[PDB]
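A.B. asks: Sharing a structure here in structure tokens format.
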Amino acid sequence: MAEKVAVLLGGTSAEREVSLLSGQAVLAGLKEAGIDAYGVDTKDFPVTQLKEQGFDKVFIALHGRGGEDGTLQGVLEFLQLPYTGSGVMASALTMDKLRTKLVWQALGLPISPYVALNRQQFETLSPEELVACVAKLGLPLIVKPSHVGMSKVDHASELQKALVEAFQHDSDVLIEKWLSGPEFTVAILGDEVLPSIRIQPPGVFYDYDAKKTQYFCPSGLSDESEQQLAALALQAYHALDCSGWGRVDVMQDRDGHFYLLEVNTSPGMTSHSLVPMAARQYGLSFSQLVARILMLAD
Amino acid sequence: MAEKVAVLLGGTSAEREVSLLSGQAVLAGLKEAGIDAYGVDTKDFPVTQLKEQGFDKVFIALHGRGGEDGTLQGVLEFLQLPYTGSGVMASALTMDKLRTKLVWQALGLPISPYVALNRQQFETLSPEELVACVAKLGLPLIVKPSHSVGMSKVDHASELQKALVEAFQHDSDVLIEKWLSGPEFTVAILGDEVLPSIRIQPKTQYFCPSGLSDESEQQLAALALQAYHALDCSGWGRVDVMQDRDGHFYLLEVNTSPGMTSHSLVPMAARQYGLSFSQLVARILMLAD
Ligand SMILES: Nc1ncnc2c1ncn2[C@@H]1O[C@H](COP(=O)(O)OP(=O)(O)O)[C@@H](O)[C@H]1O
Ligand code: NA
Ligand code: NA
């Protein structure tokens, strides 16, 4: 028998409005492919009831907290419903920038040189010893919470204020060597790597506000560089145990080498979002994209 | 007025019978400490209804699949009920022996030399090149799925193939590790306190105190705490460690919902630390908020 598919959308995260748009687009793409899909605004409907309500399969179009962080995936594993995108471990692990980095680093994959600091070290160390802890990174530096509170630090004297700000939001903090850019993103669909996209933010960070931002696809990279980036992205994604689909974010340094930033396990699916753009460049319609993502669940 | 606490127990995993015992003990320990606790056999009661039923707080005494692997923790996070033990990420990460190892290794923490192999490499490689892939590990070897089902001790290179075939029945990632001559220890952690280690001898024998010197116990306690924080654990858990012939410690794994029967490891360590079983479980619950 045919499957009843729930498209989970909206929710209660900061990204609710983007997720309503993603879910609305996904819903229309699936129906255009003949899939018996229904929109479910998880703000109003508890995801714990999906099986009771008769669903066989779930397409996840939520973003942020409660969507791409393992929680929802856990609920779905408890109900034993197949769902799109990565599983519990990978969905959660990809929210943790420290542990993401550690896994990549143990596998010899390139990440920006950095220093991790917990609250305990922050409380037992003088600024001066903090400066010495990060001296080997040079300048300038990025300071961020391991899971908002981000700063660019240009001079050693600015470090303290940045740490204080970052520890407001988290008990683990990362201090990274600044990378010149540019920034890229690489979408992955099943085992296929899609064409990369170069991203130019209006300011210093490709942050929430930036997500005036410019996107280029094709990225402008040479063919050799694209092949390198594709292979690297795939490794980065398999390293964190991702599956189904996702987006890998990457940055160049001044030397032209790539460095891994993060993997996003529930990407934006609006008409103007990154994955649909890359899919289009790859030769897929939006409807084909979403039907393919669904087919890769289970 | 008082918080209503659910002790989740039993369930449907292979470890159901051990979990009924753990839950029964926890339930009695919490009541003895003055907590309004109720036993909830998750085989018969769906965990998705805990809030509807009026519970405010959950003590998790399930083991194995659906208890200590992130899925239950996800349900509880969705319901927004405070619960005992580690969160989603840590509960799930600790079931992945490859990624556990990789995180520990990137932090410079000690683990046994090993090789990881996926299905693709297994399918592309002959028995002879497999042997050569692991030659640097010496003999004997432990072969295990990355996620003791499907585990073997391999004593001779010619036995490697059969062990890999068995292991790939259960997983697409397999670990081949250098065998360690022992002894084995386990270190219970409660909030930020490290409890006394227990030496485990493979009719199974447990020694607490472990027999280690004071300086070695301090080293082990610090190492265990780092291993636990490395994987983002909280609330409580058990870290398993082994020695090599020279006395160096190596991290094996972290367990995010340990056994709580009368004869289980964590209670034995708590007792040696000076806590009654009732105090132990009250402390664990207090760590949930
Ligand atoms: N080491 C770095 N050097 C330069 N820019 C960085 C660095 N790390 C992150 N960025 C910029 O900050 C943005 C956001 O940080 P990121 O680590 O991707 O996490 P989050 O998604 O939580 O903000 C990136 O997309 C990129 O523009
Ligand atoms: Na994620
Ligand atoms: Na676990």
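By order in the structure tokens, chains are A, B, ...; within a chain, residues start at 1; ligands start at 1, following the order shown.
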Would you please extract all helix (DSSP H, G or I) residues from range 90-235 of chain A, as assigned by DSSP on the backbone, and give them as a PyMOL selection string?
C.D. replies: chain A and resi 90-93+97-106+119-123+129-137+156-167+223-235
A.B. asks: Show which residues sit within 10 Å of residue 271 in chain B, as a PyMOL selection string. Count only C-alpha atoms, and ignore same-chain residues fewer than 4 positions away.
C.D. replies: chain B and resi 195-196+208+265-267+275-277+279-280
A.B. asks: For the residues selected in the previous step, produce a file with N, CA, C and O atoms as a PDB file, in the first residue's frame.
C.D. replies:
ATOM      1  N   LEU B 195      33.786   8.288  41.801  1.00  0.00           N
ATOM      2  CA  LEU B 195      33.768   7.283  42.893  1.00  0.00           C
ATOM      3  C   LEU B 195      34.944   6.292  42.809  1.00  0.00           C
ATOM      4  O   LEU B 195      35.647   6.273  41.787  1.00  0.00           O
ATOM      5  N   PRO B 196      35.131   5.445  43.856  1.00  0.00           N
ATOM      6  CA  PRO B 196      36.273   4.512  43.876  1.00  0.00           C
ATOM      7  C   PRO B 196      36.156   3.507  42.751  1.00  0.00           C
ATOM      8  O   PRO B 196      35.101   2.973  42.494  1.00  0.00           O
ATOM      9  N   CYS B 208      36.846  -3.951  45.024  1.00  0.00           N
ATOM     10  CA  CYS B 208      36.765  -2.557  45.397  1.00  0.00           C
ATOM     11  C   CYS B 208      37.111  -2.481  46.872  1.00  0.00           C
ATOM     12  O   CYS B 208      36.372  -3.017  47.674  1.00  0.00           O
ATOM     13  N   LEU B 265      27.777  -2.676  39.543  1.00  0.00           N
ATOM     14  CA  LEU B 265      29.005  -1.905  39.741  1.00  0.00           C
ATOM     15  C   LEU B 265      28.837  -0.520  40.399  1.00  0.00           C
ATOM     16  O   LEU B 265      29.578  -0.172  41.343  1.00  0.00           O
ATOM     17  N   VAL B 266      27.902   0.293  39.917  1.00  0.00           N
ATOM     18  CA  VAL B 266      27.813   1.649  40.440  1.00  0.00           C
ATOM     19  C   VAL B 266      27.439   1.607  41.913  1.00  0.00           C
ATOM     20  O   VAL B 266      28.121   2.236  42.762  1.00  0.00           O
ATOM     21  N   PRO B 267      26.427   0.816  42.260  1.00  0.00           N
ATOM     22  CA  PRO B 267      26.121   0.701  43.699  1.00  0.00           C
ATOM     23  C   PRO B 267      27.313   0.194  44.546  1.00  0.00           C
ATOM     24  O   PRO B 267      27.561   0.706  45.648  1.00  0.00           O
ATOM     25  N   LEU B 275      28.218   6.034  50.479  1.00  0.00           N
ATOM     26  CA  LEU B 275      26.812   6.322  50.249  1.00  0.00           C
ATOM     27  C   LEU B 275      25.978   5.055  50.325  1.00  0.00           C
ATOM     28  O   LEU B 275      26.372   4.025  49.790  1.00  0.00           O
ATOM     29  N   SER B 276      24.797   5.165  50.913  1.00  0.00           N
ATOM     30  CA  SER B 276      23.814   4.123  50.763  1.00  0.00           C
ATOM     31  C   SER B 276      23.248   4.190  49.331  1.00  0.00           C
ATOM     32  O   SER B 276      23.367   5.178  48.608  1.00  0.00           O
ATOM     33  N   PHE B 277      22.595   3.128  48.961  1.00  0.00           N
ATOM     34  CA  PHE B 277      22.013   3.032  47.684  1.00  0.00           C
ATOM     35  C   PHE B 277      20.933   4.142  47.524  1.00  0.00           C
ATOM     36  O   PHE B 277      20.826   4.790  46.457  1.00  0.00           O
ATOM     37  N   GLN B 279      20.874   7.045  49.010  1.00  0.00           N
ATOM     38  CA  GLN B 279      21.526   8.336  48.824  1.00  0.00           C
ATOM     39  C   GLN B 279      22.036   8.500  47.377  1.00  0.00           C
ATOM     40  O   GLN B 279      21.981   9.585  46.801  1.00  0.00           O
ATOM     41  N   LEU B 280      22.540   7.409  46.825  1.00  0.00           N
ATOM     42  CA  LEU B 280      23.037   7.386  45.465  1.00  0.00           C
ATOM     43  C   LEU B 280      21.972   7.812  44.471  1.00  0.00           C
ATOM     44  O   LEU B 280      22.170   8.741  43.692  1.00  0.00           O
TER      45      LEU B 280
END
A.B. asks: Within 7 Å of ligand 2 (counting only C-alpha atoms and all ligand atoms), which residues show up? I'd like them as a PyMOL selection string.
C.D. replies: chain A and resi 68-70+90-95+264-266
A.B. asks: Could the residues in this selection be saved with C-alpha atoms as a compact mmCIF listing (two decimals), in the first residue's frame?
C.D. replies:
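For reference, again_36.txt as written:
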# COMPACT_ATOMS: atom_id res chain seq x y z
CA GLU A 68 18.02 19.09 13.32
CA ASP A 69 19.53 18.36 16.71
CA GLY A 70 18.63 14.73 17.44
CA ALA A 90 24.74 12.61 13.55
CA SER A 91 21.90 15.17 13.88
CA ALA A 92 23.09 15.99 17.45
CA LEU A 93 26.80 15.74 16.87
CA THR A 94 26.59 18.27 14.04
CA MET A 95 25.28 20.88 16.56
CA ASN A 264 23.90 21.00 8.47
CA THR A 265 21.58 18.08 8.81
CA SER A 266 18.21 19.85 7.88
A.B. asks: Excluding residue 95 in chain B and residues on its chain fewer than 4 positions from it, collect all residues at most 10 Å away from it, counting only C-alpha atoms, and give them as a ChimeraX atom specification.
C.D. replies: /A:89 /B:64-65,68-70,90-91,99-100,146-147,253-256
A.B. asks: Residues of chain A within 7 Å of chain B, counting only C-alpha atoms - could you list those as a VMD selection string?
C.D. replies: chain A and resid 48 70 to 72 74 to 75 77 to 78 88 to 89 92 to 93 99 102 to 103 105 to 106
A.B. asks: Could you tell me, counting only C-alpha atoms and all ligand atoms, which protein and nucleic acid residues lie no more than 6 Å from ligand 1, written as a PyMOL selection string?
C.D. replies: chain A and resi 112+142+176-179+205-207+261-262
A.B. asks: Please dump the current selection as a compact mmCIF listing (two decimals), in the first residue's frame; keep C-alpha atoms.
C.D. replies:
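part11.txt was written with the following content:
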# COMPACT_ATOMS: atom_id res chain seq x y z
CA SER A 112 41.31 25.69 11.19
CA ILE A 142 37.31 34.04 15.88
CA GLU A 176 39.95 29.72 16.00
CA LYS A 177 42.50 31.19 13.65
CA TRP A 178 40.71 33.61 11.28
CA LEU A 179 40.33 32.38 7.71
CA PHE A 205 30.16 36.35 9.43
CA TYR A 206 27.74 34.14 7.43
CA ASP A 207 25.44 34.26 10.41
CA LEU A 261 33.32 24.45 9.25
CA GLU A 262 30.18 22.39 9.84
A.B. asks: Determine the nearest neighbour of residue 219 in chain B from the options B:250, B:38, B:236, B:206, counting only C-alpha atoms.
C.D. replies: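 Smallest separation from residue 219 in chain B among the options: B:250.
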A.B. asks: Identify, on the basis of only C-alpha atoms, every residue whose closest approach to range 26-39 of chain A does not exceed 7 Å; exclude the query and any residue fewer than 4 positions from it along the same chain; express the result as a count of residues only.
C.D. replies: 12
A.B. asks: Go ahead and compute the interatomic distance for CA of residue 204 in chain B and CA of residue 145 in chain B, in Å to one decimal.
C.D. replies: 24.3 Å
A.B. asks: CA of residue 58 in chain A to CA of residue 83 in chain A: how many Å, to one decimal?
C.D. replies: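 It comes out at 4.6 Å.
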A.B. asks: Just want the 9 Å neighbourhood of residue 189 in chain B, counted on only C-alpha atoms, with same-chain residues fewer than 3 positions away dropped. Output as a list in words.
C.D. replies: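 Close residues of residue 189 in chain B: residues 192, 193, 194, 195, 224, 225, 228, 234, 235, 236, 237, 238, 239 and 266 of chain B.
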A.B. asks: From range 30-259 of chain B, collect each residue whose DSSP state is strand (DSSP E or B) and return the set as a VMD selection string.
C.D. replies: chain B and resid 36 to 41 57 to 60 83 114 to 118 141 to 145 152 to 154 173 to 178 184 to 190 193 to 194 198 to 201 205 to 207 236 to 243 249 to 255
A.B. asks: Could you give me, as a ChimeraX atom specification, the residues within 8 Å of range 129-139 of chain B, counting only C-alpha atoms and dropping anything in the same chain fewer than 2 positions from it?
C.D. replies: /B:113-115,122,125-127,141,154-157,160,176-179
A.B. asks: Name the residues in contact with range 108-110 of chain A at a cut-off of 8 Å, using only C-alpha atoms, excluding same-chain residues fewer than 6 positions from it; report them as a PyMOL selection string.
C.D. replies: chain A and resi 232+236+258-260
A.B. asks: Report, in Å with one decimal, the straight-line distance from CA of residue 127 in chain A to CA of residue 181 in chain A.
C.D. replies: 29.1 Å
A.B. asks: I'd like to know which of A:246, A:268, A:87, A:195 is closest to residue 17 in chain A, using only C-alpha atoms.
C.D. replies: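 Going through A:246, A:268, A:87, A:195 one by one, the smallest distance to residue 17 in chain A is for A:268.
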A.B. asks: Looking at only C-alpha atoms, which of A:113, A:267, A:218, A:82 is the one that sits closest to residue 101 in chain A?
C.D. replies: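 Selected residue with least distance to residue 101 in chain A: A:113.
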A.B. asks: From the options A:251, A:159, A:294, A:153, which residue's atoms come nearest to residue 61 in chain A, counting only C-alpha atoms?
C.D. replies: A:294
